[PDB]
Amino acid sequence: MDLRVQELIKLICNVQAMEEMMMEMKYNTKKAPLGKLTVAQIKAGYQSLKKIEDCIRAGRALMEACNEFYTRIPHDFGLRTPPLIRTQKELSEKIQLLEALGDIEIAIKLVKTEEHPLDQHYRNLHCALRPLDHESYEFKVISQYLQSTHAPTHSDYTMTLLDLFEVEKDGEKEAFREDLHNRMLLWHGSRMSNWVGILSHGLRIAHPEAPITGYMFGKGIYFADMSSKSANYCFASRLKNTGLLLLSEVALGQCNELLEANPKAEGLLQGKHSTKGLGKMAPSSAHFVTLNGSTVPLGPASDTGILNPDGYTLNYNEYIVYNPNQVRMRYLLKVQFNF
């Protein structure tokens, strides 16, 4: 490759990192190594999670259900009683875990070699990654957007743009809902473990067997107009301060705008093309710009005056599309997190 693209590839294709990351989520790799991971294993996971969600919707069976889960998706809690899976946060953790294994299952297949390995990993992605000049117009806007939509309540770090690549995933230009109005350039963040999957298969909706209570606005692909909302889903740390952020063209269409969580939001569409969870603070439109016919919601964020008298109010917006054909990957940011 070019060196910058080589180091990116190195970075995301590091299986030792993937292993470290999974141990950090308390997954037992000694017992179920990542190289012995299969689609069937991971479905078995979902099927046992579904059975747990069932017990929370209904009311004993939960101990049977949690055990089956831990049998099929081994964990490592050491000498402590393995905890039960009982709260919304807990179940959503288990889903973040399984998603991640699916992306690793994918990476491990892909990183197998027959050319230099890094050049092989790269080719098998089927997605052009192109480093951009830091003096260029596109880098200017992206930096401004990165910083200017850093949310005031994600004050625990800053981000530094280390490097920028334009992304072009085979298939996407053509599949894309070019026709839909309301097209915006929006963020997506994810665990480092997941990039080989996302680059090679694209952003995907939730797995079919995934429990729906995990998903605030149902099983779509989620985006923010607030860089740090997305960046939080990188799960970076002082120990692992290099992450990646995605910018994608998102064909939003008419938005069904929602004040609070509804996992059945997808059936609420009834003609519309996306869900938008309304936030307290959002970038203001007097400040937007256009990059290749996609609106870029430049910061800073302002009180939108939005309020949910019924309960919890979102701090910042989110957008959910329920078909990959509404997403076109566009730029990938290499970001240093400064804690």
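Position 1 is the first residue in the sequence shown; the rest follow in order.
Student: Does residue 113 go missing in at least one third of the other entries compared here?
Tutor: In at least a third of the comparable entries (those modelling both sides of it), residue 113 has no coordinates.
Student: Check whether residue 283 goes without coordinates in at least a third of the other compared PDB entries of this protein that model residues on both sides of it.
Tutor: No, modelled in all of them.
Student: Look at the stretch from residue 114 to residue 115 and count the residues of the deposited sequence that the entry does not model, then pick none, 1 to 3, 4 to 9, or 10 or more.
Tutor: Unmodelled stretch: 4 to 9 residues.
Student: Which fits the stretch between residue 59 and residue 60: none, 1 to 3, 4 to 9, or 10 or more deposited residues lacking coordinates?
Tutor: Per the record, 1 to 3 deposited residues are absent between residue 59 and residue 60.
Student: Got a sec? Mean C-alpha B-factor, which is higher, 242-250 or 151-159?
Tutor: Per the deposited B-factors, the answer is 151-159.
Student: Mean C-alpha B factor from the entry: is it higher for 324-332 or for 21-29?
Tutor: Between 21-29 and 324-332, it is 21-29 that shows the higher mean C-alpha B-factor.
Student: Reading the B-factor column of the entry, which of 277, 311, 45, 297 has the highest value at its C-alpha atom?
Tutor: Among 277, 311, 45, 297, the PDB entry lists the largest C-alpha B-factor for 311.
Student: Can you tell me which of 92, 200, 144, 230 has the maximum CA B-factor listed in the PDB entry?
Tutor: Reading the PDB entry, the winner on C-alpha B-factor is 92.
Student: By the record's CA B-factor, is residue 16 among the lowest, middle or highest third of residues in the chain?
Tutor: It falls in the top third of the chain.
Student: Quick one: classify residue 41 as lowest, middle or highest third of the chain based on its Cα B-factor.
Tutor: Residue 41: CA B-factor falls in the lowest third of its chain.
Student: So where's residue 140 on the chain's Cα temperature factor ranking, which third?
Tutor: Within its chain, residue 140 is a middle-third residue by C-alpha B-factor, going by the deposited values.
Student: Can you work out whether the C-alpha temperature factor of residue 77 puts it in the lowest, middle or highest third of the chain?
Tutor: For residue 77, whose C-alpha B-factor we compare with every modelled residue in the chain, the answer is the middle third.
Student: Hey, what third does residue 217 fall into on Cα B-factor, ranked over its chain?
Tutor: Middle third by C-alpha B-factor.
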